[PDB]
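Single chain ahead, by itself, as structure tokens, in the form deposited without its partner chain.
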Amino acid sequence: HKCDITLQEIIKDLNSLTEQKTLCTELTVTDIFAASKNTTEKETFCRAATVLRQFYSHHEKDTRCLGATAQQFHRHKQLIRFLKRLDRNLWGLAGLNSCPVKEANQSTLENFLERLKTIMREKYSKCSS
């Protein structure tokens, strides 16, 4: 389970998500990476999945995000679709709903997703030769 291809599915969507630099991607999420980091792999997954579910739930219809042009709206819909898919994959790896997130610091979503991408690529690296 630890080195499952879900890791690739997550990294793919993080690569898609981090091309985006929009008003929406500068809105914030609770920075799970501001912890002095006392957490199992499964608990980190649960934490990331929680904050991202909060984000897409709160911003799927946010007028700062929805866009004026066709391209902006398309990019918003893509952002939300990729966040939901990333989130489904993170939950599947968490095996866990019960991970209280208590950090104060807020990160932009862009910075949070880049950090998560680094973490996931590191896990991938530790799985492979």
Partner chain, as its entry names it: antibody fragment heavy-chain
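Residue numbers count along the first chain shown, from 1.
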item	value
Residue stretch of maximal mean CA temperature factor, 50-58 vs 84-92	50-58
Entry-level comparison of average CA B-factors, 67-75 and 26-34, reporting the higher stretch	26-34
Top Cα B factor in the deposited entry, candidates 106, 118, 16, 111	16
Residue 123 CA temperature factor, ranked by third within the chain	lowest
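What comes next is about the form solved in complex with its partner chain, which does not appear here.
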{"property": "Heavy atom within 4.5 Å of its partner chain in the deposited bound form - qualifying residues of 45-84", "result": "70, 71, 73, 74, 75, 77, 78, 81"}
